[PDB]
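Novice: Got a structure for you, final_32.tsv, holding TSV, N, CA and C atoms.
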chain	number	residue	atom	x	y	z
S	447	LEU	N	-12.69	18.91	19.05
S	447	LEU	CA	-12.97	17.50	19.26
S	447	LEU	C	-12.68	16.69	18.00
S	448	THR	N	-12.96	17.26	16.83
S	448	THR	CA	-12.60	16.58	15.59
S	448	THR	C	-11.11	16.31	15.55
S	449	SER	N	-10.30	17.33	15.84
S	449	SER	CA	-8.86	17.13	15.81
S	449	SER	C	-8.44	16.08	16.84
S	450	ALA	N	-9.00	16.15	18.04
S	450	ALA	CA	-8.62	15.20	19.08
S	450	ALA	C	-8.94	13.78	18.66
S	451	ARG	N	-10.13	13.56	18.11
S	451	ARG	CA	-10.49	12.23	17.65
S	451	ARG	C	-9.56	11.77	16.54
S	452	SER	N	-9.27	12.66	15.59
S	452	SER	CA	-8.37	12.29	14.50
S	452	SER	C	-7.01	11.88	15.02
S	453	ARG	N	-6.56	12.50	16.12
S	453	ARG	CA	-5.28	12.12	16.69
S	453	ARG	C	-5.28	10.69	17.21
S	454	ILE	N	-6.44	10.06	17.34
S	454	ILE	CA	-6.55	8.67	17.77
S	454	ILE	C	-6.87	7.75	16.59
S	455	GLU	N	-7.86	8.13	15.79
S	455	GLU	CA	-8.39	7.22	14.78
S	455	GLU	C	-7.45	7.06	13.59
S	456	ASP	N	-6.85	8.15	13.14
S	456	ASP	CA	-6.24	8.18	11.82
S	456	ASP	C	-4.90	7.45	11.81
S	457	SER	N	-4.79	6.44	10.95
S	457	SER	CA	-3.50	5.86	10.64
S	457	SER	C	-2.70	6.81	9.75
S	458	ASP	N	-1.38	6.64	9.77
S	458	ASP	CA	-0.51	7.48	8.95
S	458	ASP	C	-0.29	6.83	7.59
S	459	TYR	N	-0.60	7.59	6.54
S	459	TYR	CA	-0.49	7.05	5.19
S	459	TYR	C	0.93	6.58	4.91
S	460	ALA	N	1.91	7.43	5.19
S	460	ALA	CA	3.30	7.11	4.87
S	460	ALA	C	3.77	5.89	5.65
S	461	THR	N	3.48	5.86	6.95
S	461	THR	CA	3.92	4.73	7.76
S	461	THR	C	3.30	3.44	7.27
S	462	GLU	N	2.00	3.46	6.96
S	462	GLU	CA	1.35	2.24	6.51
S	462	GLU	C	1.89	1.78	5.16
S	463	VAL	N	2.12	2.70	4.23
S	463	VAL	CA	2.66	2.28	2.94
S	463	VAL	C	4.06	1.71	3.11
S	464	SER	N	4.87	2.33	3.97
S	464	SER	CA	6.20	1.80	4.24
S	464	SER	C	6.10	0.38	4.78
S	465	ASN	N	5.20	0.16	5.74
S	465	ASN	CA	5.03	-1.17	6.31
S	465	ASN	C	4.63	-2.16	5.23
S	466	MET	N	3.71	-1.76	4.36
S	466	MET	CA	3.24	-2.67	3.33
S	466	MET	C	4.38	-3.06	2.40
S	467	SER	N	5.16	-2.08	1.95
S	467	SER	CA	6.28	-2.39	1.07
S	467	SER	C	7.24	-3.35	1.75
S	468	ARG	N	7.59	-3.06	3.01
S	468	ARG	CA	8.51	-3.92	3.73
S	468	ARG	C	7.96	-5.34	3.82
S	469	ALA	N	6.69	-5.48	4.19
S	469	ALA	CA	6.12	-6.80	4.35
S	469	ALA	C	6.09	-7.56	3.04
S	470	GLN	N	5.80	-6.87	1.94
S	470	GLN	CA	5.84	-7.53	0.64
S	470	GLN	C	7.23	-8.05	0.34
S	471	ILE	N	8.25	-7.24	0.62
S	471	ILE	CA	9.62	-7.68	0.40
S	471	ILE	C	9.90	-8.94	1.22
S	472	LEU	N	9.53	-8.91	2.49
S	472	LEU	CA	9.75	-10.06	3.35
S	472	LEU	C	9.05	-11.29	2.79
S	473	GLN	N	7.81	-11.11	2.32
S	473	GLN	CA	7.04	-12.25	1.83
S	473	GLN	C	7.72	-12.88	0.63
S	474	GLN	N	8.17	-12.06	-0.32
S	474	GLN	CA	8.85	-12.61	-1.49
S	474	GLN	C	10.11	-13.35	-1.07
S	475	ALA	N	10.93	-12.72	-0.24
S	475	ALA	CA	12.16	-13.37	0.19
S	475	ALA	C	11.86	-14.68	0.87
S	476	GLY	N	10.82	-14.70	1.71
S	476	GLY	CA	10.50	-15.91	2.44
S	476	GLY	C	10.08	-17.04	1.52
S	477	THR	N	9.22	-16.74	0.55
S	477	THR	CA	8.79	-17.81	-0.35
S	477	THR	C	9.98	-18.35	-1.13
S	478	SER	N	10.84	-17.46	-1.61
S	478	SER	CA	12.02	-17.91	-2.35
S	478	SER	C	12.88	-18.81	-1.48
S	479	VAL	N	13.17	-18.37	-0.26
S	479	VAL	CA	14.03	-19.14	0.63
S	479	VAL	C	13.39	-20.48	0.94
S	480	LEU	N	12.08	-20.51	1.13
S	480	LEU	CA	11.41	-21.76	1.44
S	480	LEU	C	11.51	-22.73	0.27
S	481	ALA	N	11.31	-22.23	-0.95
S	481	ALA	CA	11.45	-23.10	-2.11
S	481	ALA	C	12.85	-23.69	-2.15
S	482	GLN	N	13.86	-22.85	-1.95
S	482	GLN	CA	15.25	-23.31	-1.94
S	482	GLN	C	15.45	-24.38	-0.88
S	483	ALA	N	14.97	-24.10	0.33
S	483	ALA	CA	15.16	-24.98	1.48
S	483	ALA	C	14.51	-26.33	1.25
S	484	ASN	N	13.28	-26.33	0.77
S	484	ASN	CA	12.63	-27.57	0.41
S	484	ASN	C	13.46	-28.31	-0.62
S	485	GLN	N	13.90	-27.60	-1.66
S	485	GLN	CA	14.36	-28.29	-2.86
S	485	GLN	C	15.73	-28.91	-2.68
S	486	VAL	N	16.70	-28.22	-2.09
S	486	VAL	CA	18.06	-28.79	-2.05
S	486	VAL	C	18.14	-30.09	-1.26
S	487	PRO	N	17.77	-30.15	0.02
S	487	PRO	CA	18.08	-31.37	0.77
S	487	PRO	C	17.46	-32.60	0.14
S	488	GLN	N	16.26	-32.46	-0.43
S	488	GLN	CA	15.60	-33.60	-1.05
S	488	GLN	C	16.47	-34.20	-2.15
S	489	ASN	N	17.02	-33.38	-3.05
S	489	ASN	CA	17.80	-33.96	-4.14
S	489	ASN	C	19.17	-34.41	-3.67
S	490	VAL	N	19.78	-33.68	-2.73
S	490	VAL	CA	21.07	-34.12	-2.20
S	490	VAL	C	20.94	-35.51	-1.61
S	491	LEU	N	19.93	-35.70	-0.75
S	491	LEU	CA	19.64	-37.01	-0.21
S	491	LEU	C	19.34	-38.00	-1.32
S	492	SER	N	18.51	-37.59	-2.28
S	492	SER	CA	18.07	-38.49	-3.34
S	492	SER	C	19.25	-39.11	-4.06
S	493	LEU	N	20.18	-38.26	-4.50
S	493	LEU	CA	21.37	-38.77	-5.18
S	493	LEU	C	22.23	-39.59	-4.23
S	494	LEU	N	22.55	-39.02	-3.06
S	494	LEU	CA	23.36	-39.69	-2.03
S	494	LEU	C	24.39	-40.66	-2.61
I	417	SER	N	-35.67	54.99	15.67
I	417	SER	CA	-35.92	53.57	15.91
I	417	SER	C	-35.33	52.72	14.78
I	418	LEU	N	-35.55	53.14	13.54
I	418	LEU	CA	-34.99	52.41	12.41
I	418	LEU	C	-33.47	52.41	12.47
I	419	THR	N	-32.88	53.54	12.88
I	419	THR	CA	-31.43	53.61	12.99
I	419	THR	C	-30.90	52.54	13.93
I	420	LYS	N	-31.49	52.46	15.13
I	420	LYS	CA	-31.00	51.48	16.10
I	420	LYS	C	-31.22	50.05	15.60
I	421	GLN	N	-32.37	49.80	14.98
I	421	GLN	CA	-32.63	48.47	14.42
I	421	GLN	C	-31.58	48.10	13.38
I	422	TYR	N	-31.26	49.05	12.50
I	422	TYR	CA	-30.24	48.83	11.48
I	422	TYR	C	-28.89	48.52	12.12
I	423	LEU	N	-28.54	49.26	13.17
I	423	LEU	CA	-27.30	48.98	13.88
I	423	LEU	C	-27.27	47.54	14.36
I	424	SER	N	-28.35	47.09	14.99
I	424	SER	CA	-28.39	45.73	15.51
I	424	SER	C	-28.15	44.71	14.41
I	425	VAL	N	-28.91	44.81	13.32
I	425	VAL	CA	-28.78	43.78	12.28
I	425	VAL	C	-27.41	43.84	11.63
I	426	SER	N	-26.85	45.03	11.44
I	426	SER	CA	-25.52	45.12	10.85
I	426	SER	C	-24.48	44.46	11.73
I	427	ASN	N	-24.57	44.66	13.05
I	427	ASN	CA	-23.64	43.99	13.94
I	427	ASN	C	-23.78	42.48	13.83
I	428	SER	N	-25.02	41.99	13.77
I	428	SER	CA	-25.21	40.55	13.60
I	428	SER	C	-24.54	40.05	12.33
I	429	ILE	N	-24.69	40.78	11.23
I	429	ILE	CA	-24.08	40.36	9.98
I	429	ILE	C	-22.57	40.32	10.11
I	430	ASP	N	-21.99	41.34	10.74
I	430	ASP	CA	-20.55	41.33	10.97
I	430	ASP	C	-20.14	40.07	11.70
I	431	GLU	N	-20.87	39.73	12.76
I	431	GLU	CA	-20.54	38.53	13.52
I	431	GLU	C	-20.54	37.31	12.61
I	432	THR	N	-21.59	37.16	11.81
I	432	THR	CA	-21.72	35.94	11.02
I	432	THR	C	-20.61	35.84	9.99
I	433	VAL	N	-20.25	36.96	9.37
I	433	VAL	CA	-19.15	36.94	8.42
I	433	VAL	C	-17.86	36.51	9.11
I	434	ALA	N	-17.60	37.07	10.30
I	434	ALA	CA	-16.42	36.66	11.04
I	434	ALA	C	-16.45	35.17	11.33
I	435	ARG	N	-17.63	34.65	11.68
I	435	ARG	CA	-17.75	33.22	11.94
I	435	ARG	C	-17.34	32.42	10.72
I	436	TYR	N	-17.80	32.83	9.54
I	436	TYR	CA	-17.43	32.10	8.33
I	436	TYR	C	-15.92	32.16	8.09
I	437	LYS	N	-15.29	33.28	8.43
I	437	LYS	CA	-13.88	33.45	8.08
I	437	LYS	C	-13.00	32.37	8.72
I	438	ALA	N	-13.22	32.07	10.00
I	438	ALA	CA	-12.37	31.10	10.68
I	438	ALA	C	-12.53	29.72	10.07
I	439	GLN	N	-13.76	29.33	9.74
I	439	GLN	CA	-13.96	28.07	9.05
I	439	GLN	C	-13.18	28.05	7.76
I	440	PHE	N	-13.17	29.17	7.04
I	440	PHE	CA	-12.41	29.24	5.80
I	440	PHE	C	-10.93	28.96	6.06
I	441	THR	N	-10.37	29.60	7.08
I	441	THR	CA	-8.95	29.40	7.39
I	441	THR	C	-8.65	27.94	7.70
I	442	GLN	N	-9.50	27.33	8.54
I	442	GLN	CA	-9.28	25.94	8.92
I	442	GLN	C	-9.33	25.05	7.69
I	443	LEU	N	-10.30	25.30	6.81
I	443	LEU	CA	-10.39	24.53	5.58
I	443	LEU	C	-9.13	24.68	4.76
I	444	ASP	N	-8.59	25.89	4.70
I	444	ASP	CA	-7.37	26.12	3.94
I	444	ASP	C	-6.24	25.23	4.43
I	445	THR	N	-5.99	25.26	5.74
I	445	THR	CA	-4.87	24.48	6.28
I	445	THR	C	-5.07	22.99	6.04
I	446	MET	N	-6.27	22.49	6.35
I	446	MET	CA	-6.51	21.07	6.18
I	446	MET	C	-6.36	20.67	4.72
I	447	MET	N	-6.82	21.51	3.80
I	447	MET	CA	-6.69	21.20	2.39
I	447	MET	C	-5.21	21.12	2.01
I	448	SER	N	-4.40	22.04	2.53
I	448	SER	CA	-2.98	21.98	2.23
I	448	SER	C	-2.42	20.61	2.59
I	449	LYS	N	-2.69	20.17	3.82
I	449	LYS	CA	-2.15	18.89	4.26
I	449	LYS	C	-2.69	17.74	3.42
I	450	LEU	N	-3.98	17.79	3.08
I	450	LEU	CA	-4.58	16.71	2.30
I	450	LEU	C	-3.96	16.62	0.91
I	451	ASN	N	-3.72	17.77	0.28
I	451	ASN	CA	-3.02	17.76	-1.01
I	451	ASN	C	-1.63	17.17	-0.89
I	452	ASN	N	-0.90	17.53	0.16
I	452	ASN	CA	0.42	16.93	0.32
I	452	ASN	C	0.30	15.41	0.40
I	453	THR	N	-0.66	14.93	1.19
I	453	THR	CA	-0.87	13.49	1.30
I	453	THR	C	-1.16	12.87	-0.06
I	454	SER	N	-2.08	13.47	-0.82
I	454	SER	CA	-2.47	12.88	-2.09
I	454	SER	C	-1.29	12.80	-3.04
I	455	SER	N	-0.50	13.87	-3.10
I	455	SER	CA	0.67	13.86	-3.97
I	455	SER	C	1.62	12.74	-3.56
I	456	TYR	N	1.84	12.58	-2.26
I	456	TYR	CA	2.74	11.51	-1.82
I	456	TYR	C	2.20	10.15	-2.24
I	457	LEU	N	0.89	9.93	-2.05
I	457	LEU	CA	0.32	8.63	-2.36
I	457	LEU	C	0.46	8.30	-3.84
I	458	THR	N	0.11	9.25	-4.71
I	458	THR	CA	0.24	9.00	-6.14
I	458	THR	C	1.69	8.71	-6.48
I	459	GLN	N	2.62	9.49	-5.92
I	459	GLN	CA	4.03	9.26	-6.21
I	459	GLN	C	4.44	7.85	-5.81
I	460	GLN	N	4.15	7.47	-4.57
I	460	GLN	CA	4.63	6.18	-4.08
I	460	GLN	C	4.02	5.03	-4.85
I	461	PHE	N	2.72	5.10	-5.13
I	461	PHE	CA	2.09	3.98	-5.82
I	461	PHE	C	2.57	3.89	-7.26
I	462	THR	N	2.76	5.03	-7.93
I	462	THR	CA	3.37	4.99	-9.25
I	462	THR	C	4.74	4.35	-9.19
I	463	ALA	N	5.46	4.52	-8.08
I	463	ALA	CA	6.78	3.91	-7.94
I	463	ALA	C	6.66	2.40	-7.80
I	464	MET	N	5.74	1.93	-6.95
I	464	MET	CA	5.60	0.50	-6.74
I	464	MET	C	5.31	-0.23	-8.04
I	465	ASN	N	4.70	0.47	-8.99
I	465	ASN	CA	4.48	-0.02	-10.36
I	465	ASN	C	5.21	-1.31	-10.69
Would you mind writing the file out in structure tokens?
Specialist:
Amino acid sequence: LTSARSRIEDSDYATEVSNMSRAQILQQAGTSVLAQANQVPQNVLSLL
Amino acid sequence: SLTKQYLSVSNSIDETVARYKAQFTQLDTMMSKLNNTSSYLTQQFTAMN
């Protein structure tokens, strides 16, 4: 019964760490892209 | 009478030792897997450094 329960409860260490690394990468890329996106059109318009 | 009594208790002891043995084996396997996990975790987190 211990094994059976563990087959339901336990998350996988490797899978979760992989997911975390991936999500961190996505988050950094997203913030960078957002900064870029905000910043260019405003100044292009500004100079016009 | 003492002989038969001794036989009984010795058989009981044999049983109990056998009972302990299987728990030992299970502990061994689970420990192996847990050590593998721990090594992986330390490695990966040291990498994320």
Novice: Could you tell me how far atom N of residue 435 in chain I lies from atom N of residue 421 in chain I, in Å and to one decimal?
Specialist: 21.4 Å
Novice: Determine, for each residue of chain S having at least one atom at most 10 Å from an atom of chain I, the closest pair of atoms and their separation in Å to one decimal, counting only C-alpha atoms; order by chain and ascending number, as a tab-separated table.
Specialist:
residue	atom	partner	partner_atom	distance
S:458	CA	I:453	CA	9.7
S:459	CA	I:453	CA	7.5
S:460	CA	I:457	CA	8.0
S:463	CA	I:460	CA	8.3
S:464	CA	I:460	CA	9.5
S:467	CA	I:464	CA	8.4
Novice: Would you compute the distance between atom C of residue 431 in chain I and atom N of residue 445 in chain I? Give it in Å to one decimal.
Specialist: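 About the pair atom C of residue 431 in chain I and atom N of residue 445 in chain I: they are 20.1 Å apart.
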Novice: Which distance in Å separates CA of residue 485 in chain S and CA of residue 470 in chain S, to one decimal?
Specialist: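 Here the two named atoms are 22.7 Å from each other.
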Novice: Missing atoms in range 450-461 of chain S should be modelled up to N, CA, C and O atoms and reported as a CSV table (one decimal), keeping the file's coordinate frame.
Specialist:
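Writing the result to part_35.csv gives the following:
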chain,number,residue,atom,x,y,z
S,450,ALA,N,-9.0,16.2,18.0
S,450,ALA,CA,-8.6,15.2,19.1
S,450,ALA,C,-8.9,13.8,18.7
S,450,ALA,O,-8.1,12.9,18.8
S,451,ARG,N,-10.1,13.6,18.1
S,451,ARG,CA,-10.5,12.2,17.6
S,451,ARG,C,-9.6,11.8,16.5
S,451,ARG,O,-9.1,10.6,16.5
S,452,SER,N,-9.3,12.7,15.6
S,452,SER,CA,-8.4,12.3,14.5
S,452,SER,C,-7.0,11.9,15.0
S,452,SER,O,-6.4,11.0,14.4
S,453,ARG,N,-6.6,12.5,16.1
S,453,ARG,CA,-5.3,12.1,16.7
S,453,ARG,C,-5.3,10.7,17.2
S,453,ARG,O,-4.2,10.2,17.5
S,454,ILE,N,-6.4,10.1,17.3
S,454,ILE,CA,-6.6,8.7,17.8
S,454,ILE,C,-6.9,7.8,16.6
S,454,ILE,O,-6.2,6.7,16.4
S,455,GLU,N,-7.9,8.1,15.8
S,455,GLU,CA,-8.4,7.2,14.8
S,455,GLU,C,-7.4,7.1,13.6
S,455,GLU,O,-7.3,5.9,13.1
S,456,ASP,N,-6.8,8.2,13.1
S,456,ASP,CA,-6.2,8.2,11.8
S,456,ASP,C,-4.9,7.4,11.8
S,456,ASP,O,-4.0,7.8,12.6
S,457,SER,N,-4.8,6.4,11.0
S,457,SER,CA,-3.5,5.9,10.6
S,457,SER,C,-2.7,6.8,9.8
S,457,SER,O,-3.3,7.7,9.1
S,458,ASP,N,-1.4,6.6,9.8
S,458,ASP,CA,-0.5,7.5,9.0
S,458,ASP,C,-0.3,6.8,7.6
S,458,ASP,O,0.2,5.7,7.5
S,459,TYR,N,-0.6,7.6,6.5
S,459,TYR,CA,-0.5,7.0,5.2
S,459,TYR,C,0.9,6.6,4.9
S,459,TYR,O,1.1,5.5,4.4
S,460,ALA,N,1.9,7.4,5.2
S,460,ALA,CA,3.3,7.1,4.9
S,460,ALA,C,3.8,5.9,5.6
S,460,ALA,O,4.4,5.0,5.1
S,461,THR,N,3.5,5.9,7.0
S,461,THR,CA,3.9,4.7,7.8
S,461,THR,C,3.3,3.4,7.3
S,461,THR,O,4.0,2.4,7.1
